[PDB]
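Structure file coords-v6.pdb; described as PDB, C-alpha atoms and all ligand atoms.
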```
ATOM      1  CA  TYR H   1      -0.625  15.946   5.469
ATOM      2  CA  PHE H   2      -3.761  14.786   3.627
ATOM      3  CA  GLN H   3      -6.253  17.059   1.875
ATOM      4  CA  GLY H   4      -8.846  14.386   1.074
ATOM      5  CA  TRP H   5     -10.187  12.382  -1.868
ATOM      6  CA  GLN H   6     -11.855  14.963  -4.101
ATOM      7  CA  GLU H   7     -14.934  13.311  -5.599
ATOM      8  CA  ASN H   8     -15.503  13.507  -9.365
ATOM      9  CA  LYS H   9     -18.667  11.641 -10.353
ATOM     10  CA  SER H  10     -18.077  12.762 -13.956
ATOM     11  CA  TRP H  11     -16.133   9.518 -14.395
ATOM     12  CA  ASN H  12     -19.300   7.466 -13.837
ATOM     13  CA  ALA H  13     -20.292   8.210 -17.442
ATOM     14  CA  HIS H  14     -17.496   5.875 -18.568
ATOM     15  CA  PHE H  15     -18.819   3.090 -16.318
ATOM     16  CA  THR H  16     -22.447   3.450 -17.413
ATOM     17  CA  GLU H  17     -21.379   3.714 -21.068
ATOM     18  CA  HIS H  18     -20.137   0.116 -20.811
ATOM     19  CA  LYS H  19     -23.062  -0.959 -18.581
ATOM     20  CA  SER H  20     -20.604  -1.456 -15.711
ATOM     21  CA  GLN H  21     -20.231  -0.208 -12.154
ATOM     22  CA  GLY H  22     -17.062   0.333 -10.178
ATOM     23  CA  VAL H  23     -14.541   2.834  -8.882
ATOM     24  CA  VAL H  24     -11.423   4.580 -10.187
ATOM     25  CA  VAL H  25      -8.993   6.246  -7.768
ATOM     26  CA  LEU H  26      -6.230   8.558  -9.021
ATOM     27  CA  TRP H  27      -3.401  10.178  -7.054
ATOM     28  CA  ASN H  28      -1.367  13.124  -8.369
ATOM     29  CA  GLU H  29       2.044  12.651  -6.768
ATOM     30  CA  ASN H  30       3.452  16.117  -7.473
ATOM     31  CA  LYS H  31       0.416  17.927  -6.020
ATOM     32  CA  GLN H  32      -0.444  15.298  -3.361
ATOM     33  CA  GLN H  33      -4.092  15.215  -4.474
ATOM     34  CA  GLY H  34      -6.433  12.236  -4.788
ATOM     35  CA  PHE H  35      -9.530  11.886  -6.963
ATOM     36  CA  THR H  36     -12.266   9.256  -7.261
ATOM     37  CA  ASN H  37     -15.747   8.896  -8.734
ATOM     38  CA  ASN H  38     -17.082   7.088  -5.643
ATOM     39  CA  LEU H  39     -15.427   7.782  -2.286
ATOM     40  CA  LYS H  40     -17.275   4.903  -0.591
ATOM     41  CA  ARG H  41     -16.302   2.134  -2.997
ATOM     42  CA  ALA H  42     -12.785   3.592  -2.999
ATOM     43  CA  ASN H  43     -12.529   2.553   0.675
ATOM     44  CA  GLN H  44     -14.429  -0.708   0.175
ATOM     45  CA  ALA H  45     -12.057  -3.642   0.719
ATOM     46  CA  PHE H  46     -11.987  -6.685  -1.586
ATOM     47  CA  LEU H  47      -9.904  -9.792  -2.147
ATOM     48  CA  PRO H  48      -6.727  -8.654  -3.951
ATOM     49  CA  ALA H  49      -6.604 -11.783  -6.182
ATOM     50  CA  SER H  50      -3.808 -11.464  -8.788
ATOM     51  CA  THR H  51      -2.862  -7.957  -7.617
ATOM     52  CA  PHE H  52      -1.349  -9.844  -4.664
ATOM     53  CA  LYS H  53       1.403 -10.864  -7.087
ATOM     54  CA  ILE H  54       3.054  -7.500  -6.358
ATOM     55  CA  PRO H  55       3.645  -8.143  -2.604
ATOM     56  CA  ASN H  56       4.172 -11.875  -3.218
ATOM     57  CA  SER H  57       6.994 -11.174  -5.703
ATOM     58  CA  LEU H  58       8.570  -8.678  -3.293
ATOM     59  CA  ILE H  59       8.683 -11.153  -0.398
ATOM     60  CA  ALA H  60       9.817 -14.042  -2.613
ATOM     61  CA  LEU H  61      12.646 -11.881  -3.977
ATOM     62  CA  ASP H  62      13.713 -10.408  -0.621
ATOM     63  CA  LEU H  63      13.832 -13.894   0.960
ATOM     64  CA  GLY H  64      15.639 -15.628  -1.911
ATOM     65  CA  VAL H  65      12.725 -17.768  -3.117
ATOM     66  CA  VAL H  66      13.248 -15.960  -6.439
ATOM     67  CA  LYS H  67      16.888 -15.230  -7.212
ATOM     68  CA  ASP H  68      16.273 -12.782 -10.070
ATOM     69  CA  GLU H  69      13.868 -12.019 -12.904
ATOM     70  CA  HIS H  70      15.607 -14.639 -15.106
ATOM     71  CA  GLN H  71      15.255 -17.748 -12.930
ATOM     72  CA  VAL H  72      13.062 -20.318 -14.663
ATOM     73  CA  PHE H  73      10.158 -21.914 -12.801
ATOM     74  CA  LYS H  74       9.518 -25.153 -14.655
ATOM     75  CA  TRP H  75       5.962 -26.181 -15.487
ATOM     76  CA  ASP H  76       4.909 -28.905 -13.042
ATOM     77  CA  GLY H  77       3.342 -30.842 -15.937
ATOM     78  CA  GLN H  78      -0.297 -30.349 -14.946
ATOM     79  CA  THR H  79      -2.279 -29.085 -17.928
ATOM     80  CA  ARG H  80      -4.392 -26.110 -16.841
ATOM     81  CA  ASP H  81      -7.157 -24.035 -18.409
ATOM     82  CA  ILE H  82      -5.008 -21.038 -19.378
ATOM     83  CA  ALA H  83      -2.689 -22.117 -22.191
ATOM     84  CA  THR H  84       0.122 -19.730 -21.240
ATOM     85  CA  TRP H  85       0.392 -21.332 -17.786
ATOM     86  CA  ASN H  86       1.429 -24.690 -19.275
ATOM     87  CA  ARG H  87       4.956 -23.542 -20.170
ATOM     88  CA  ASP H  88       8.022 -22.620 -18.167
ATOM     89  CA  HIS H  89       8.121 -19.098 -16.777
ATOM     90  CA  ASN H  90      10.335 -16.466 -15.222
ATOM     91  CA  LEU H  91       9.290 -13.594 -12.976
ATOM     92  CA  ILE H  92       8.592 -11.298 -15.943
ATOM     93  CA  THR H  93       6.501 -13.883 -17.757
ATOM     94  CA  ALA H  94       4.799 -15.250 -14.623
ATOM     95  CA  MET H  95       3.553 -11.742 -13.814
ATOM     96  CA  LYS H  96       2.573 -10.878 -17.395
ATOM     97  CA  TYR H  97       0.442 -14.007 -17.854
ATOM     98  CA  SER H  98      -0.537 -14.106 -14.142
ATOM     99  CA  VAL H  99       0.598 -17.705 -13.558
ATOM    100  CA  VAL H 100      -1.010 -18.680 -10.234
ATOM    101  CA  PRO H 101       0.766 -22.054  -9.686
ATOM    102  CA  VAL H 102       4.118 -20.283  -9.873
ATOM    103  CA  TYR H 103       3.022 -17.863  -7.152
ATOM    104  CA  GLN H 104       1.228 -20.520  -5.096
ATOM    105  CA  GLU H 105       4.614 -22.252  -4.873
ATOM    106  CA  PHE H 106       6.151 -18.903  -3.855
ATOM    107  CA  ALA H 107       3.676 -18.645  -0.973
ATOM    108  CA  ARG H 108       4.289 -22.208   0.222
ATOM    109  CA  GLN H 109       8.038 -21.505   0.275
ATOM    110  CA  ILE H 110       7.611 -18.127   2.002
ATOM    111  CA  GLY H 111       5.692 -19.690   4.880
ATOM    112  CA  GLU H 112       2.671 -18.544   6.865
ATOM    113  CA  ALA H 113       4.872 -17.025   9.579
ATOM    114  CA  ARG H 114       6.938 -14.868   7.214
ATOM    115  CA  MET H 115       3.963 -13.980   4.997
ATOM    116  CA  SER H 116       2.137 -12.462   7.972
ATOM    117  CA  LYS H 117       5.201 -10.653   9.322
ATOM    118  CA  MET H 118       6.001  -9.225   5.878
ATOM    119  CA  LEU H 119       2.474  -7.991   5.108
ATOM    120  CA  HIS H 120       2.345  -6.255   8.492
ATOM    121  CA  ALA H 121       5.585  -4.468   7.582
ATOM    122  CA  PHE H 122       3.999  -3.523   4.233
ATOM    123  CA  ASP H 123       0.852  -2.162   5.978
ATOM    124  CA  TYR H 124      -0.966  -4.154   3.287
ATOM    125  CA  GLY H 125      -4.764  -4.126   3.524
ATOM    126  CA  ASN H 126      -6.164  -5.803   6.621
ATOM    127  CA  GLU H 127      -2.958  -7.898   7.005
ATOM    128  CA  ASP H 128      -5.033 -11.086   7.434
ATOM    129  CA  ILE H 129      -3.565 -14.182   5.757
ATOM    130  CA  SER H 130      -6.145 -16.524   7.349
ATOM    131  CA  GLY H 131      -6.880 -19.480   5.104
ATOM    132  CA  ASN H 132      -4.612 -21.609   2.933
ATOM    133  CA  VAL H 133      -1.040 -20.316   2.828
ATOM    134  CA  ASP H 134      -1.099 -20.735  -0.972
ATOM    135  CA  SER H 135      -4.586 -19.371  -1.704
ATOM    136  CA  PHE H 136      -5.547 -16.820   0.976
ATOM    137  CA  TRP H 137      -5.484 -13.924  -1.512
ATOM    138  CA  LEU H 138      -7.939 -15.962  -3.632
ATOM    139  CA  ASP H 139     -10.404 -17.341  -1.091
ATOM    140  CA  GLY H 140      -9.043 -16.377   2.351
ATOM    141  CA  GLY H 141      -9.466 -13.408   4.634
ATOM    142  CA  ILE H 142      -7.173 -10.737   3.197
ATOM    143  CA  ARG H 143      -8.984  -7.585   2.072
ATOM    144  CA  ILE H 144      -7.597  -4.433   0.440
ATOM    145  CA  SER H 145      -9.368  -1.320  -0.858
ATOM    146  CA  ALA H 146      -8.417   0.800  -3.863
ATOM    147  CA  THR H 147      -7.107   3.640  -1.679
ATOM    148  CA  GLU H 148      -5.056   1.130   0.324
ATOM    149  CA  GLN H 149      -3.633  -0.192  -2.957
ATOM    150  CA  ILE H 150      -2.524   3.319  -3.934
ATOM    151  CA  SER H 151      -0.941   3.695  -0.491
ATOM    152  CA  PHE H 152       0.992   0.453  -0.988
ATOM    153  CA  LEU H 153       2.040   1.328  -4.553
ATOM    154  CA  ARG H 154       3.265   4.784  -3.495
ATOM    155  CA  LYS H 155       5.703   3.219  -1.033
ATOM    156  CA  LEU H 156       6.847   0.758  -3.707
ATOM    157  CA  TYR H 157       7.482   3.540  -6.230
ATOM    158  CA  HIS H 158       9.673   5.402  -3.712
ATOM    159  CA  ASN H 159      11.540   2.243  -2.578
ATOM    160  CA  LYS H 160      10.079   2.837   0.892
ATOM    161  CA  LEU H 161       8.699  -0.650   1.574
ATOM    162  CA  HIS H 162      10.689  -2.636   4.126
ATOM    163  CA  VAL H 163      12.398  -4.873   1.576
ATOM    164  CA  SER H 164      15.659  -4.366  -0.283
ATOM    165  CA  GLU H 165      15.859  -1.682  -2.966
ATOM    166  CA  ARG H 166      16.814  -4.417  -5.435
ATOM    167  CA  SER H 167      13.662  -6.461  -4.785
ATOM    168  CA  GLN H 168      11.527  -3.352  -5.257
ATOM    169  CA  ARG H 169      13.248  -2.423  -8.526
ATOM    170  CA  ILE H 170      12.903  -5.967  -9.898
ATOM    171  CA  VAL H 171       9.170  -6.016  -9.144
ATOM    172  CA  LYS H 172       8.669  -2.579 -10.708
ATOM    173  CA  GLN H 173      10.453  -3.929 -13.794
ATOM    174  CA  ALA H 174       8.132  -6.962 -13.917
ATOM    175  CA  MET H 175       5.107  -4.647 -13.574
ATOM    176  CA  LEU H 176       5.931  -2.901 -16.883
ATOM    177  CA  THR H 177       2.798  -3.046 -19.025
ATOM    178  CA  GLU H 178       3.066  -0.287 -21.646
ATOM    179  CA  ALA H 179       5.559   2.350 -22.752
ATOM    180  CA  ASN H 180       5.742   4.899 -25.558
ATOM    181  CA  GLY H 181       6.964   8.447 -26.093
ATOM    182  CA  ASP H 182       4.089   9.798 -23.966
ATOM    183  CA  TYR H 183       3.906   7.622 -20.841
ATOM    184  CA  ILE H 184       4.899   4.461 -18.984
ATOM    185  CA  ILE H 185       2.382   2.224 -17.204
ATOM    186  CA  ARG H 186       3.529  -0.161 -14.464
ATOM    187  CA  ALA H 187       0.478  -2.091 -13.301
ATOM    188  CA  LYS H 188      -1.047  -5.427 -12.293
ATOM    189  CA  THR H 189      -4.460  -6.744 -13.308
ATOM    190  CA  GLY H 190      -6.660  -8.860 -11.064
ATOM    191  CA  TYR H 191      -9.788 -10.988 -11.180
ATOM    192  CA  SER H 192     -11.633 -12.320  -8.108
ATOM    193  CA  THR H 193     -14.248 -15.018  -8.708
ATOM    194  CA  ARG H 194     -14.477 -17.376  -5.704
ATOM    195  CA  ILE H 195     -16.088 -15.232  -2.987
ATOM    196  CA  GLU H 196     -18.760 -12.769  -4.052
ATOM    197  CA  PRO H 197     -18.681 -10.037  -5.228
ATOM    198  CA  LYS H 198     -16.943 -10.936  -8.485
ATOM    199  CA  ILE H 199     -14.690  -7.984  -9.340
ATOM    200  CA  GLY H 200     -11.918  -7.000 -11.721
ATOM    201  CA  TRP H 201      -8.867  -5.067 -10.517
ATOM    202  CA  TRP H 202      -6.305  -2.810 -12.131
ATOM    203  CA  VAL H 203      -3.737  -1.084  -9.916
ATOM    204  CA  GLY H 204      -0.514   0.658 -10.872
ATOM    205  CA  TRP H 205       0.736   4.053 -11.967
ATOM    206  CA  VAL H 206       1.352   6.197 -15.040
ATOM    207  CA  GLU H 207       4.837   7.692 -15.372
ATOM    208  CA  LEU H 208       5.149  11.031 -17.182
ATOM    209  CA  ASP H 209       8.254  13.133 -17.839
ATOM    210  CA  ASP H 210       7.755  15.206 -14.671
ATOM    211  CA  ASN H 211       5.018  13.485 -12.619
ATOM    212  CA  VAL H 212       3.487  10.129 -11.723
ATOM    213  CA  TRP H 213      -0.238   9.384 -11.469
ATOM    214  CA  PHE H 214      -1.063   6.416  -9.261
ATOM    215  CA  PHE H 215      -4.283   4.557 -10.043
ATOM    216  CA  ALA H 216      -6.356   1.777  -8.496
ATOM    217  CA  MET H 217      -9.638   0.662 -10.044
ATOM    218  CA  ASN H 218     -12.051  -2.174  -9.439
ATOM    219  CA  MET H 219     -15.386  -2.989 -11.038
ATOM    220  CA  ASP H 220     -18.134  -5.599 -10.874
ATOM    221  CA  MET H 221     -17.206  -8.509 -13.166
ATOM    222  CA  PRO H 222     -20.216 -10.843 -13.447
ATOM    223  CA  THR H 223     -18.744 -12.469 -16.570
ATOM    224  CA  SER H 224     -15.199 -12.700 -17.903
ATOM    225  CA  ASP H 225     -16.361 -10.997 -21.124
ATOM    226  CA  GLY H 226     -15.669  -7.549 -19.688
ATOM    227  CA  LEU H 227     -12.131  -8.073 -18.411
ATOM    228  CA  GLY H 228     -10.875  -5.648 -21.070
ATOM    229  CA  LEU H 229     -12.966  -2.912 -19.444
ATOM    230  CA  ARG H 230     -10.543  -2.775 -16.496
ATOM    231  CA  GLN H 231      -7.965  -1.035 -18.689
ATOM    232  CA  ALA H 232     -10.428   0.519 -21.141
ATOM    233  CA  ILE H 233     -12.350   2.398 -18.447
ATOM    234  CA  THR H 234      -9.157   3.389 -16.613
ATOM    235  CA  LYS H 235      -7.655   4.882 -19.777
ATOM    236  CA  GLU H 236     -10.861   6.751 -20.652
ATOM    237  CA  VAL H 237     -10.553   8.473 -17.269
ATOM    238  CA  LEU H 238      -6.852   9.147 -17.893
ATOM    239  CA  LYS H 239      -7.618  10.680 -21.295
ATOM    240  CA  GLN H 240     -10.421  12.880 -19.952
ATOM    241  CA  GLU H 241      -8.064  14.280 -17.300
ATOM    242  CA  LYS H 242      -5.424  14.914 -20.029
ATOM    243  CA  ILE H 243      -2.994  12.603 -18.194
ATOM    244  CA  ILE H 244      -2.421  10.611 -21.395
ATOM    245  CA  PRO H 245      -3.226  11.836 -24.947
TER     246      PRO H 245
HETATM  247  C1  LIG A   1      -5.549 -13.240 -10.731
HETATM  248  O1  LIG A   1      -6.351 -12.355 -10.522
HETATM  249  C2  LIG A   1      -5.941 -14.498 -11.462
HETATM  250  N1  LIG A   1      -7.391 -14.661 -11.442
HETATM  251  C3  LIG A   1      -8.063 -15.817 -11.460
HETATM  252  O2  LIG A   1      -7.573 -16.901 -11.766
HETATM  253  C4  LIG A   1      -9.501 -15.750 -11.032
HETATM  254  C5  LIG A   1      -9.653 -16.630  -9.822
HETATM  255  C6  LIG A   1      -9.580 -18.009  -9.632
HETATM  256  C7  LIG A   1      -9.769 -18.382  -8.298
HETATM  257  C8  LIG A   1      -9.975 -17.312  -7.428
HETATM  258  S1  LIG A   1      -9.933 -15.827  -8.315
HETATM  259  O3  LIG A   1      -5.322 -15.581 -10.787
HETATM  260  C9  LIG A   1      -5.457 -15.638  -9.370
HETATM  261  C10 LIG A   1      -5.432 -14.346 -12.889
HETATM  262  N2  LIG A   1      -5.983 -13.069 -13.289
HETATM  263  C11 LIG A   1      -6.123 -12.633 -14.479
HETATM  264  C12 LIG A   1      -6.183 -11.124 -14.593
HETATM  265  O4  LIG A   1      -7.094 -10.585 -15.256
HETATM  266  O5  LIG A   1      -5.309 -10.466 -13.990
HETATM  267  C13 LIG A   1      -6.232 -13.545 -15.612
HETATM  268  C14 LIG A   1      -6.915 -13.207 -16.690
HETATM  269  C15 LIG A   1      -5.560 -14.891 -15.538
HETATM  270  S2  LIG A   1      -5.996 -15.700 -13.972
HETATM  271 CL    CL A   2      11.605  -0.993 -16.810
END
```

When written as structure tokens, how does the structure in this file appear?
Amino acid sequence: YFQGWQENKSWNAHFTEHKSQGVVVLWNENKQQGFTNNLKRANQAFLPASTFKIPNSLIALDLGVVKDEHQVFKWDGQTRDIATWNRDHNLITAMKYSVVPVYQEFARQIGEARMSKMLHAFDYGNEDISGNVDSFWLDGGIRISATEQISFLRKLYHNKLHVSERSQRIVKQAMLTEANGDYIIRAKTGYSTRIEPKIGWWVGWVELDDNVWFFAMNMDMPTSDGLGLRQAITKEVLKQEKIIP
């Protein structure tokens, strides 16, 4: 059961408007239909970078590295570039502000053996954790494409990943990004800088009253000045398709 990714190059106007290039992939859950502006880049695999916080949190929770979304992970004292990293954090706040050292410690505690076994169970990307156990999603060998992200998120939404239902619900809670009377967005941003090409990520889904639209976008990010375009371009596509007002 798969009809195919229906191409819609109309969305490229939003990329060129902001002098950007990239891909947006949408998936209508109720109708089982996928749509993208660039079928090739939709299957192009990249480093997941901070979007790896979704599987990392799941494993850490299911193994007991993280007890719940309230456990405090104390700042190790090292002053870092991002100001919000230099405080204590919980799972909600570590995901919101994308606190790498918190998740690097998660990976070290998970272990290379369990990280590989768990990502194979998740069917996540190329399932290659080669590199440092606490940095392989930043400069190692793991690659995931936008369509593979949607595939992974769909299983997470339906509690179908091979971790406990509780772990999956906690992560989906920590993914909450926006909510109003019209929609709910559960998503994770991402930014890959070490290995070329430099790209920005945004993967997640839009919850409506009677449907859910999964999305996974990436775009060339030569400078950090356009990080806001990850969400801005994604929403412009969502508004054009009448998914959000
Ligand atoms: C996750 O993507 C994030 N990105 C970076 O720190 C960029 C890199 C540094 C070394 C290799 S990639 O941490 C891994 C966080 N990402 C975001 C985001 O937009 O999601 C941030 C703005 C904070 S750093
Ligand atoms: Cl929630």

Please evaluate the PyMOL selection byres (((chain H and resi 89) around 9) and not hetatm) against the structure above and give the resulting residues as a ChimeraX atom specification.
-> /H:70-75,85,87-88,90-94,99,102

Work out how far atom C11 of ligand LIG 1 (chain A) is from atom CA of residue H:138, in Å to one decimal.
->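 Atom CA of residue H:138 sits 11.5 Å away from atom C11 of ligand LIG 1 (chain A).
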
Choose the residue, out of H:64, H:140, H:131, H:222, that has the smallest atom-to-atom separation from residue H:167; count all atoms listed in the file.
->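 Counting all atoms listed in the file, the residue closest to residue H:167 is H:64.
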
Nearby residues, ligand CL 2 (chain A), 12 Å, all atoms listed in the file, as a list in words =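 Going residue by residue within 12 Å of ligand CL 2 (chain A), we get residues 69, 92, 168, 169, 170, 171, 172, 173, 174, 175, 176, 177, 178, 179, 184, 185, 186, 187 and 207 of chain H.
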
So which residues get picked by the PyMOL selection byres (((not hetatm)) within 8 of (chain A and resi 1)) here, written as a list in words?
->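 Checked against the file, the PyMOL selection byres (((not hetatm)) within 8 of (chain A and resi 1)) matches residues 48, 49, 50, 51, 82, 97, 98, 99, 100, 138, 139, 188, 189, 190, 191, 192, 193, 194, 195, 200, 201, 202 and 227 of chain H.
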
Export C-alpha atoms of the chosen residues as an mmCIF file, in the coordinates of the input?
```
data_model
loop_
_atom_site.group_PDB
_atom_site.id
_atom_site.type_symbol
_atom_site.label_atom_id
_atom_site.label_comp_id
_atom_site.auth_asym_id
_atom_site.auth_seq_id
_atom_site.Cartn_x
_atom_site.Cartn_y
_atom_site.Cartn_z
ATOM 1 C CA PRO H 48 -6.727 -8.654 -3.951
ATOM 2 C CA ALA H 49 -6.604 -11.783 -6.182
ATOM 3 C CA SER H 50 -3.808 -11.464 -8.788
ATOM 4 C CA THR H 51 -2.862 -7.957 -7.617
ATOM 5 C CA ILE H 82 -5.008 -21.038 -19.378
ATOM 6 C CA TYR H 97 0.442 -14.007 -17.854
ATOM 7 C CA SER H 98 -0.537 -14.106 -14.142
ATOM 8 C CA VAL H 99 0.598 -17.705 -13.558
ATOM 9 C CA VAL H 100 -1.010 -18.680 -10.234
ATOM 10 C CA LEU H 138 -7.939 -15.962 -3.632
ATOM 11 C CA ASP H 139 -10.404 -17.341 -1.091
ATOM 12 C CA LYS H 188 -1.047 -5.427 -12.293
ATOM 13 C CA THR H 189 -4.460 -6.744 -13.308
ATOM 14 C CA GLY H 190 -6.660 -8.860 -11.064
ATOM 15 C CA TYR H 191 -9.788 -10.988 -11.180
ATOM 16 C CA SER H 192 -11.633 -12.320 -8.108
ATOM 17 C CA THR H 193 -14.248 -15.018 -8.708
ATOM 18 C CA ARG H 194 -14.477 -17.376 -5.704
ATOM 19 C CA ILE H 195 -16.088 -15.232 -2.987
ATOM 20 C CA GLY H 200 -11.918 -7.000 -11.721
ATOM 21 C CA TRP H 201 -8.867 -5.067 -10.517
ATOM 22 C CA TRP H 202 -6.305 -2.810 -12.131
ATOM 23 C CA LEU H 227 -12.131 -8.073 -18.411
#
```

Can you turn the PyMOL selection byres (((chain H and resi 244) around 10) and not hetatm) into a concrete residue list for this file, as a CSV table (one decimal) with C-alpha atoms, keeping the file's coordinate frame?
```
chain,number,residue,atom,x,y,z
H,182,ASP,CA,4.1,9.8,-24.0
H,183,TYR,CA,3.9,7.6,-20.8
H,184,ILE,CA,4.9,4.5,-19.0
H,206,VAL,CA,1.4,6.2,-15.0
H,207,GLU,CA,4.8,7.7,-15.4
H,208,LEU,CA,5.1,11.0,-17.2
H,235,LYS,CA,-7.7,4.9,-19.8
H,236,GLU,CA,-10.9,6.8,-20.7
H,237,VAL,CA,-10.6,8.5,-17.3
H,238,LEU,CA,-6.9,9.1,-17.9
H,239,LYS,CA,-7.6,10.7,-21.3
H,240,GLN,CA,-10.4,12.9,-20.0
H,241,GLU,CA,-8.1,14.3,-17.3
H,242,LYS,CA,-5.4,14.9,-20.0
H,243,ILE,CA,-3.0,12.6,-18.2
H,245,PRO,CA,-3.2,11.8,-24.9
```

For atom CA of residue H:41 and atom CA of residue H:217, the interatomic separation in Å (one decimal) | 9.8 Å

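Candidate residues H:56, H:78, H:104, H:28 were compared for distance to residue H:132, and the nearest is H:104, using all atoms listed in the file.
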
For residue H:127, the closest of H:26, H:156, H:199, H:144 counting all atoms listed in the file is H:144

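Among H:52, H:27, H:122, H:214, the residue with the shortest atom-to-atom distance to residue H:163, counting all atoms listed in the file, is H:122.
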
Restricting to only C-alpha atoms, whichever of H:225, H:210, H:148, H:112 is closest to residue H:25 is H:148

Which is closer to residue H:95 than all the others in H:79, H:114, H:126, H:54, using all atoms listed in the file?
->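 Between H:79, H:114, H:126, H:54, the residue approaching residue H:95 most closely is H:54.
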
So which residues touch residue H:19 within 12 Å, counting only C-alpha atoms, skipping near sequence neighbours fewer than 2 positions away, as a PyMOL selection string?
-> chain H and resi 12-17+21-22+219-222+226+229+233

Coordinates-based distance that separates atom CA of residue H:166 from atom CA of residue H:203 (Å, one decimal) |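 Between atom CA of residue H:203 and atom CA of residue H:166 the gap is 21.3 Å.
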